[PDB]
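Chemist:
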Amino acid sequence: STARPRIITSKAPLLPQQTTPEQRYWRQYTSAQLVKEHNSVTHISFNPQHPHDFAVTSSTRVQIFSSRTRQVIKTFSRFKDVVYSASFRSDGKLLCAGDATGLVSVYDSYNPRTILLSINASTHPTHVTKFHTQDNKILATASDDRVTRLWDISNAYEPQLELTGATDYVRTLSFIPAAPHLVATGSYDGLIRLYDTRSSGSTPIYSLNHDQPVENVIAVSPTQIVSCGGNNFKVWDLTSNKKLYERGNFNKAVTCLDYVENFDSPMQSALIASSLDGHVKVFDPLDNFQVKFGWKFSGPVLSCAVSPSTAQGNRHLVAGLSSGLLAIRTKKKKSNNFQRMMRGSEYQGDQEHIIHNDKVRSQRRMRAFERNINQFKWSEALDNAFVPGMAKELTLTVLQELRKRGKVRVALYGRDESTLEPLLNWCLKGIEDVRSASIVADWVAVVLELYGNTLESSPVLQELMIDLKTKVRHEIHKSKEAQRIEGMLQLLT
Amino acid sequence: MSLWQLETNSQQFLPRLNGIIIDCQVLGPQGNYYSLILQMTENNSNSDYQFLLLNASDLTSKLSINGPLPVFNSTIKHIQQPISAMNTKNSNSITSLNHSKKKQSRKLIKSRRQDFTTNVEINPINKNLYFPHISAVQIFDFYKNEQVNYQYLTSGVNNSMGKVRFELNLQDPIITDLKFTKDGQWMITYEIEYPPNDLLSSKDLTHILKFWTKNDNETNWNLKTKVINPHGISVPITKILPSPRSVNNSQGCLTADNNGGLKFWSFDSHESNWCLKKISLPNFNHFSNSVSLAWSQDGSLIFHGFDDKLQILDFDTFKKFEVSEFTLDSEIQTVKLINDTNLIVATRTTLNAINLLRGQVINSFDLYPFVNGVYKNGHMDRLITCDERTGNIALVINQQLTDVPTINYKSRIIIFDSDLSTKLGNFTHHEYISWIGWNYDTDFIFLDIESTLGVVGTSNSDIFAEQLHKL
Amino acid sequence: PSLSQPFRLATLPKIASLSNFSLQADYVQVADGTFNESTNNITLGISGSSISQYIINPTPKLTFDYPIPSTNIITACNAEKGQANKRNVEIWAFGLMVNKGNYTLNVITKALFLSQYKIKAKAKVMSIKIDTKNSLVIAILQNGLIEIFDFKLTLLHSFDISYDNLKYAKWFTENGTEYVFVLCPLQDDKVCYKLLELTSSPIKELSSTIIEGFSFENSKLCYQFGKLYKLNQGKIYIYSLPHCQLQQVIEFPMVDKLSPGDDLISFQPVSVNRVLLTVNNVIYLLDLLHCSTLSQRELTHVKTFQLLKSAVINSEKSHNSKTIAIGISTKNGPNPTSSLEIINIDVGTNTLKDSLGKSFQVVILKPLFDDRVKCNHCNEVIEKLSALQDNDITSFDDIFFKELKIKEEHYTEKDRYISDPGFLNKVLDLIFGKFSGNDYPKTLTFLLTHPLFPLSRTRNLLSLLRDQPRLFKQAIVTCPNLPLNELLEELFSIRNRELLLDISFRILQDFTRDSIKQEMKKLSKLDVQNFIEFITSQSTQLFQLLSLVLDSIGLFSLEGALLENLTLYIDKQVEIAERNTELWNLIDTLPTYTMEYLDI
Amino acid sequence: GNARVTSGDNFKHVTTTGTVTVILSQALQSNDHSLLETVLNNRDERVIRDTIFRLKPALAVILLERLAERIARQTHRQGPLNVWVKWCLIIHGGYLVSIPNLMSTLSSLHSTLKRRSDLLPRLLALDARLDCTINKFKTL
RNA sequence: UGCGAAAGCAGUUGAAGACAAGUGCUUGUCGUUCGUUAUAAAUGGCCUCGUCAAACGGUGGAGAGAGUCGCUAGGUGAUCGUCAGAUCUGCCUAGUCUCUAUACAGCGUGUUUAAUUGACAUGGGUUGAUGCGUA
């Protein structure tokens, strides 16, 4: 003997743009909070360490948000003029920020009162202040002075090195992983300049031409750097020193760009790119950087970031808007005598010679309609189909299942107008759908062939068929029209 | 099977047996085992008995025994359906039995269509033998001469319930064609689902195609993709040809209609599911079930034989080559190439060996005396088979009669070398041979209507030791 | 596959040794290293003139020339680029004779003359190899000695194959290792095959075999991809390394007709299983696996063409199907002039597609069984039919039907023996010659029903039968493979409605829309305009043909005035179709107080 | 289980003011469904022809794919969106002809249109049956 | 039943014997024969081994639900009415717009391309069955 097969849910041929595994994951960033900041939120960064709090730079302050609470826990308001960065250290202990006055300060993260080191990098604004990922002790600051000085924490009086050669504002700085000596800076000149700090420096090893002002440069991988500028973002390979791919799906100018790798999503790697059009879209590097999901916000997006790979908790997507609105989207992640009484349940036979396993796995509970078919309750199975809050697909199967069993007339004998109307009501609606049109055709044919006499004496049944005649007549026009379209579409080829 | 407890008139059941129960018995000094005989009435062509020995302890099959279970095109010998309450397709009523027996004898003797050819497949990786039973596949290992599996490859009311009375008139979906790709990791199946009677949609058969996969260690095929109504609506898939090793490392196939359309399907890793890679338009209003497909080993060209005309189509363009038109005297039943050079074409009146290299016929053998209207279109393809190294084979079955035709038959096998210059061997068997195909070794396997798979191919201690064993 | 016109590289000097056009190939040597798929250079050694290096593209030009005295014959030449102690250098090695008395081995290094060296070799340097990685020059000698030299020609090692009179030597690389094999003639048409591996001794002998039935004097030899090709007496013998076992023998009939002595043949490989063969001024591109002639070209402006070397493609690994071959072309005239000619070669895809119908090699029903079971002379007939007088129908029919024992005037399955195409074609010829005008024999009606009616006679067949309606109708219904062009023209030219419907059904059954649609474009706008007008004045095949017209006409050609009329007619037809469709579905488909009178 | 169902017709892998072309051209380029939806929301047929008339032929093709989808997922939108599809073919017919491949890029149209066309014979059969009974009790 | 495509194109469904029932006659039947290619209906429906809760990975979706008198395009009603229009601040259908645990369906997580855990003594007895919740 064999177990009873489960009734197989009906699946019609696939339509365009099914839900993709990538779309399903990113759709889980459901809960949305909208916070209002004083000015445009320019930069957003995530602490690389647990609990992975993220810092938002708005107006003349920095705010750190708790991951679990999604609310402000620390505020840095010592800054007099506008602020321009909040990058953490790799260890996550230290937070650095830039100022329009040009002063760069380093604070103990989570300790706003204490100020470790204060550096007057330049008299011009210092927009970028990023810690070096490989080496903790060295800081790089890019300023409107167009020199990206590379400071050292121990020695704050003079830069360890001063890189130059940028003929316009430098607002983008990136450190290539696995290549601590290399440093990459992108200016509004449209050139991405690479420098070798091991050498004397101050002259770029080679330049990469973007042709538009470069708003942010991110080193996706040890050999690949993605740079987003103008109305498109291009990925370059240093070993070949040429662009591998380019995507210009955006409408406004790309501003910010962030990358996350080896996280529990189906996509192993993700690239989130702000657009300044209200769009931030996810690109999958493994698939030649094709779009896989997108969000829309009220206004232009100036900053975007995601929780690091090792979030160890609920993930977060953070979007920054020039209006000052901050958008957060989150993927949430007896008696001792009685135990000495029955103490053998925990054991799993780890020491025993022979292990015998015969328990049958617990199968999911069967719905009401499936039970009726299994017990040959034909008339009741039709009733369970036509109940409030029944999934349309699930309703289609029991109709097909009865037809497959050869029990269509048998299901409709013991009925009157009172218990026939629920079927007609559904048929009034299902006739529209392409998938259920044919099944509606069969059942309505039988009920007419089986209840012609009852139809005459019952008025309510008549109005149902008048309305049904109108809808089927409506479908004939649509089905005819589709044929006409196919006729023309054939002419073109 | 119902155990009636007569003391209280209660009962216990063992439902969803493989077939209807012809016989029951209690076999043991204590009734330890129940012996049952099952019929599997789905196959009307032949009577398929299965003997089952159940342990009365937990009602689990202690020993299930059944031979090969082919499904022949028509009924054979004196096979009569069992007796039921009403006369149906799968059963006979009280009165219909004698008249049906007489009619069957008259059909076997007088009529001229005597096609009993059954479809069968061989698994390349395992060399198991796959029988397309109605709505299922029976996997049978002929080396060990025992069944290995019985899998339902279709939807429908197959083992959900026991059909009784008018339900027994229902027809379950019929697995028409079954084939494997060369690598053996993909299984392609073609189904025809028949609608129930007395409905508006009682004349629209549904054509289904399915792609299955399994790892070698596993024993159950898992359905990977499903195509509903390929080639359009209500258009059968007459022929399926798995692709050669050169084209997409044997992860592709061709499907061919009775409207002569060709559809080339392939497995795309990116989608991870089979896709319709190429198409040809089946628009000409010429209908014929006699289509044959051959594919060159390199894969560049495809031979499409439709009705009496054969086409050489480029694979890359999937269109006529740029002579590609070859006319034949009658409709082609089979097209194959014994080797890359020679193409053997079998029409309803003869068979001909052609040189593609010369475009000339080498040898022509007359088949009309033996095959005139005995076989329906396409079945000569399963009667004819070819090795890829040595040569091909023709199979010819004759009704033997002495003093009006008799039931018993005589079959004759002929080995042929490539281009049919010579007969390497000539053999005769004493029974109707349903199918002959080429095992991937040099030998060929053929199946007989008696369900017999034959093959054609190239001191005091010593006394003390005995006593101790006795004790 | 295709053959380009040769283009000139250089004009050979007028030397007595080069005057012998038969032996001219022996006196020109092609460097193996510089001539390959990707190289744009050719280093050539001309006996008595120089060893010269030429750039092929964009234009042929001389890049370097090393003069040689006129009395010397270049036996072997090879050039390779590499690094030597590190400066990028080009190493040239060449071996010459002065009257057989002395043997000169010369190595030249050039900066990309850095050094020039000369030694006296013991026997004829048959072939030369340069190993740039190890800075070695390897020379094989006709006396069987293989001597390894540095770039300064200091002898490092010497290996003797123990056999003398070496005639052929060739290198090949397999899995990164260098291998060489040699052919040494023996008596009684016996040959010693040896295979050597280049790696204490740097030379290792892998295989040694003696081959019988292998002649040299009339044999041309070349190697490609582990297969040695020997051409002799029009038969190409295929030997397989490492044992050089004869695998296949390919007969080439076009060479069998060649008178021995006057016809000059050259034979070189160009790709896997493909070879280049010259016969005087004719080049053939041959596929040996399928035995087909992929391409043929004749050089009318030259007396002969001799292949010297060909850049061979490993097309199994290369997507490139285009390569080059270099040869000597000899002009016609009292003062023939020899020149070095380069030809571009498109090998193709190495698939059966290329070889279909191009084989270079040039039926009666047979019972299945020679000998109690239920059963379910072409020349003579032609002569009898041929001997008949002109316009005699009765005897012509009587001979055909009686001699063939035909019972019906249309083909049946019982006439299969008559299906031989040769017999049918001749009878058609007799019908035309014997009979002209209004009266044709009944055999023509039989043949028109024959499924194997020759395609050669299909053309204009409708035109011949226009005069007699019955023959015209018979052709339309059953004549096989009638042209679509003639059918389509008759469709729009004939006014008979029955013929129009008959032609329409035949066209659709036997042709696809993409096939029909292109031809419908060709038709004039006026005829299609008339056809539509007939419509506005089984029918579905006539309607569905209209849709094909409306497609072929296109959007632009259609003019508004007619389009309105076609609209009203179709709108009427659509309404009728809906009306009939409904009819088809139609065909398929107690009171409290009652007053009655009692019957009594 | 989780197998993919499919059909054999899925050839996927083989003048006036008020025009909304500017919004459309941006919307199609950026795949902005919300911006696209506002463009499709207009229903004045005169506005429709003007838009597709000035729309670049390259952007016309991707418009057909987008409209083909919205019809396929939402049947009730078939009516109003059909007007867009009809004008796209008429205006850009010349360009659509001169495209290397159409089945791969217009597969959504053929799939959607084929499904609706296939239903026509059956829906007519019910219409005859309904018309029968509806006539019968009306006269009685 | 033959042929064919799946549509359909042609063609059949007879005679004898015996039994029962009702009245030699009428009807119905056949574990009876010959010849031709040739409704049903004896109240009669499929077992047990383990359930519940919470997750995770794919495959589908008409999404599952709630608002917005914010728009677009329609259909349509009660009363009065000088036929132009009035109040019901009318209703309904569809789309669009906002939102949420994708909230909806299904397969698996004994090894698989991927993906799990936890609870319970899976018992016996007594009360309530006018059960419990709700209008």
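Chains as they are written, first to last, in the authors' numbering: chain LJ, 2 to 334, 353 to 512; chain LH, 321 to 642, 650 to 730, 734 to 788, 817 to 829; chain LI, 2 to 86, 110 to 136, 163 to 249, 256 to 418, 425 to 433, 440 to 444, 456 to 616, 630 to 681, 703 to 713; chain LL, 359 to 372, 432 to 557.
No residue lacks a Cβ here, since even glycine has one placed at the ideal position from N, Cα and C.
Closer than 8 Å, Cβ to any Cβ of chain LL: which residues of the segment 473–504 of chain LJ, in chain order?
Modeler: Residues passing the 8 Å Cβ filter: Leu-474, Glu-475, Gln-481, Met-484, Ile-485, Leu-487, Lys-488, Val-491, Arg-492, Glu-494, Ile-495, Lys-497, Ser-498, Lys-499, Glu-500, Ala-501, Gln-502 and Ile-504.
Chemist: If contact means a Cβ-Cβ distance below 7 Å, which residues of the segment 519–537 of chain LH contact chain LJ?
Modeler: Cβ contacts with chain LJ: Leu-519, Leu-520 and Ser-521.
Chemist: Would you decide whether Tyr-739/LH is buried or exposed? Buried here means 16 or more other CB atoms lie within 10 Å of its CB.
Modeler: Numbered from its first residue, the second sequence carries residue 739/LH at position 409. Classification of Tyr-739/LH: buried, given that the 10 Å Cβ count is 16 or more.
Chemist: At 3 residues or longer, what runs of the beta strand (DSSP E) sit wholly inside the segment 124–177 of chain LJ?
Modeler: Taking only runs of at least 3 residues, the beta strand (DSSP E) segments lying wholly in the segment 124–177 of chain LJ are 129–132, 139–143, 149–153, 162–164 and 171–176.
Chemist: Using a cut-off of 7 Å between C-beta atoms, extract the partners of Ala-485/LL located in chain LH.
Modeler: As a first step, residue 485/LL is located in the fourth sequence; it is residue number 68 there, counting from the start. Neighbours of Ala-485/LL on chain LH: none; closest Cβ ~18 Å, over 7 Å.
Chemist: Could you tell me if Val-363/LL is buried or exposed, where buried requires 16 or more neighbouring beta carbons within 10 angstroms of its beta carbon?
Modeler: Counting from one through the fourth sequence, the residue named residue 363/LL turns up at place 5. Classification of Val-363/LL: exposed, given that the 10 Å Cβ count is below 16.
Chemist: Closer than 8 Å by beta-carbon distance: list the chain LJ residues that pair up with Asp-643/LI, in chain order.
Modeler: Taking the first residue of the third sequence as 1, we reach residue 643/LI at position 551. Within 8 Å Cβ-Cβ: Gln-509 and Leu-510.
Chemist: Can you find a C-beta in chain LJ that's less than 8 Å from the C-beta of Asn-448/LL?
Modeler: Translated into the one-based positions of the fourth sequence, residue 448/LL becomes position 31. Cβ-Cβ to chain LJ under 8 Å: yes for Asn-448/LL.
Chemist: Under 8 Å between the Cβ atoms of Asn-478/LH and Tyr-472/LH?
Modeler: Start at 1 with the first residue of the second sequence, and residue 478/LH comes out as number 158. Start at 1 with the first residue of the second sequence, and residue 472/LH comes out as number 152. Contact: yes.
Chemist: Can you list the residues of chain LJ that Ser-442/LL reaches, using a CB-CB cut of under 7 Å?
Modeler: For this step, residue 442/LL is matched to residue 25 along the fourth sequence. The contacting residues do not exist; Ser-442/LL stays about 10 Å from chain LJ at best.
Chemist: Taking CB distances under 8 Å as the criterion, tell me whether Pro-550/LH reaches chain LJ.
Modeler: Against the second sequence, residue 550/LH aligns to sequence position 230. No, because no Cβ of chain LJ sits closer than 8 Å to the Cβ of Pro-550/LH.
Chemist: With a 10 Å radius around its C-beta and 16 neighbouring C-beta atoms as the bar for buried, classify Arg-709/LH as buried or exposed.
Modeler: The sequence position of residue 709/LH within the second sequence is 382, counting from 1. It counts as buried.
Chemist: Give me the Cα-Cα distance between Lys-94/LJ and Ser-324/LJ, rounded to the nearest whole angstrom.
Modeler: Here residue 94/LJ corresponds to residue number 93 of the first sequence, with the count starting at 1. Here residue 324/LJ corresponds to residue number 323 of the first sequence, with the count starting at 1. Each residue's Cα considered, the two are about 30 Å apart.
Chemist: Between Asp-476/LI and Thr-674/LH, what straight-line distance do the alpha-carbon atoms span, to the nearest angstrom?
Modeler: The count along the third sequence starts at 1 and reaches residue 476/LI at position 397. The count along the second sequence starts at 1 and reaches residue 674/LH at position 347. Rounded to whole angstroms, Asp-476/LI to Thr-674/LH spans 30 Å at the Cα level.
Chemist: Can you check DSSP and say which residues form a bridge with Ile-512/LH?
Modeler: Mapped onto the second sequence, residue 512/LH falls at position 192. Note: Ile-512/LH sits in a beta bridge opposite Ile-494/LH and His-527/LH.
Chemist: Examine chain LH for any beta-carbon lying closer than 8 Å to the beta-carbon of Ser-365/LL, and answer yes or no.
Modeler: As a working note, residue 365/LL is residue 7 in the fourth sequence. Taking Cβ atoms only, chain LH reaches closer than 8 Å to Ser-365/LL, which makes this a yes.
Chemist: Using three-state DSSP, classify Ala-376/LH as helix, strand or coil.
Modeler: Numbered from 1 along the second sequence, position 56 holds the residue referred to as residue 376/LH. Reduced to three states, the DSSP call for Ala-376/LH is coil.
Chemist: Can you give me the Cβ contacts of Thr-12/LI inside the same chain, cut-off strictly under 6 Å, excluding the 5 residues immediately before and after it?
Modeler: Taking the first residue of the third sequence as 1, we reach residue 12/LI at position 11. Excluding sequence neighbours, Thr-12/LI sits near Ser-395.
Chemist: With DSSP as the reference, label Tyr-661/LI as helix, strand or coil.
Modeler: Taking the first residue of the third sequence as 1, we reach residue 661/LI at position 569. Note: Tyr-661/LI maps to helix in three-state DSSP.
Chemist: What does a CB cutoff of less than 8 Å around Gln-54/LI pick up in its chain, not counting 5 residues either side in sequence?
Modeler: Taking the first residue of the third sequence as 1, we reach residue 54/LI at position 53. The answer, listed in chain order, is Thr-35, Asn-42, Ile-43, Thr-44, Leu-45, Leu-63, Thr-64, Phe-65, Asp-66 and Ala-80.
Chemist: Among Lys-497/LJ, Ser-155/LJ and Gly-279/LJ, which one has its Cα closest to the Cα of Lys-253/LJ?
Modeler: Numbered from 1 along the first sequence, position 252 holds the residue referred to as residue 253/LJ. Taking only the C-alpha atoms, the option nearest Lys-253/LJ is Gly-279/LJ.
Chemist: Measure the alpha-carbon distance for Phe-635/LH versus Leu-4/LI and round it to whole angstroms.
Modeler: On the second sequence, position 315 is the one that residue 635/LH refers to. On the third sequence, position 3 is the one that residue 4/LI refers to. Those two C-alpha atoms are separated by around 25 Å.
Chemist: Within 10 angstroms of its Cβ, does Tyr-111/LJ collect 16 or more other Cβ (buried), or is it exposed?
Modeler: Here residue 111/LJ refers to the residue found at position 110 of the first sequence. The residue is exposed, with fewer than 16 neighbouring Cβ atoms inside 10 Å.
Chemist: So, are the CB atoms of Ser-764/LH and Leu-783/LH less than 8 Å apart?
Modeler: Walking along the second sequence from the start, residue 764/LH turns up at place 434. Walking along the second sequence from the start, residue 783/LH turns up at place 453. Contact flag unset, no.
Chemist: Consult DSSP for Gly-512/LI and reduce its assignment to one of helix, strand or coil.
Modeler: For the purposes of this step, residue 512/LI is taken as the residue at position 433 of the third sequence. Note: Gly-512/LI maps to helix in three-state DSSP.
Chemist: Can you give the Cα-Cα distance for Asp-548/LL and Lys-488/LJ, rounded to whole angstroms?
Modeler: Counting from 1 along the fourth sequence, the entry for residue 548/LL is found at position 131. Counting from 1 along the first sequence, the entry for residue 488/LJ is found at position 469. Spanning the two alpha carbons is a distance of roughly 8 Å.
Chemist: How long is the line joining the alpha carbons of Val-406/LJ and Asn-552/LL, rounded to whole angstroms?
Modeler: In the first sequence, residue 406/LJ corresponds to position 387, counting from 1. In the fourth sequence, residue 552/LL corresponds to position 135, counting from 1. Rounded to the nearest angstrom, the two C-alpha atoms are 31 Å apart.
Chemist: Does chain LH have any CB closer than 8 Å to the CB of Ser-41/LJ?
Modeler: Position 40 of the first sequence holds residue 41/LJ. Taking Cβ atoms only, chain LH never reaches closer than 8 Å to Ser-41/LJ, which makes this a no.
Chemist: Do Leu-655/LH and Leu-684/LH have their CB atoms nearer than 8 Å?
Modeler: Looking up residue 655/LH in the second sequence gives position 328. Looking up residue 684/LH in the second sequence gives position 357. Contact: no.
Chemist: Are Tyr-496/LI and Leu-427/LI closer than 8 Å when you measure CB to CB?
Modeler: Numbered from its first residue, the third sequence carries residue 496/LI at position 417. Numbered from its first residue, the third sequence carries residue 427/LI at position 365. Going by C-beta atoms, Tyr-496/LI is nearer than 8 Å to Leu-427/LI.
Chemist: Excluding the 5 residues flanking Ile-555/LI on each side, which residues of the same chain have their C-beta closer than 7 Å to its C-beta?
Modeler: Translated into the one-based positions of the third sequence, residue 555/LI becomes position 476. The answer, listed in chain order, is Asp-581, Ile-582 and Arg-585.
Chemist: Taking only three categories from DSSP, how would you classify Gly-501/LI?
Modeler: As a position in the third sequence, residue 501/LI is number 422, starting the count at 1. Here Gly-501/LI sits in helix by DSSP.
Chemist: On the premise that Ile-458/LJ lies in contact with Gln-419/LJ, defined as a C-beta separation below 8 Å, what is that separation, rounded to the nearest angstrom?
Modeler: Here residue 419/LJ refers to the residue found at position 400 when the first sequence is read from its first residue. Here residue 458/LJ refers to the residue found at position 439 when the first sequence is read from its first residue. So it is a contact: roughly 6 Å between Cβ atoms.
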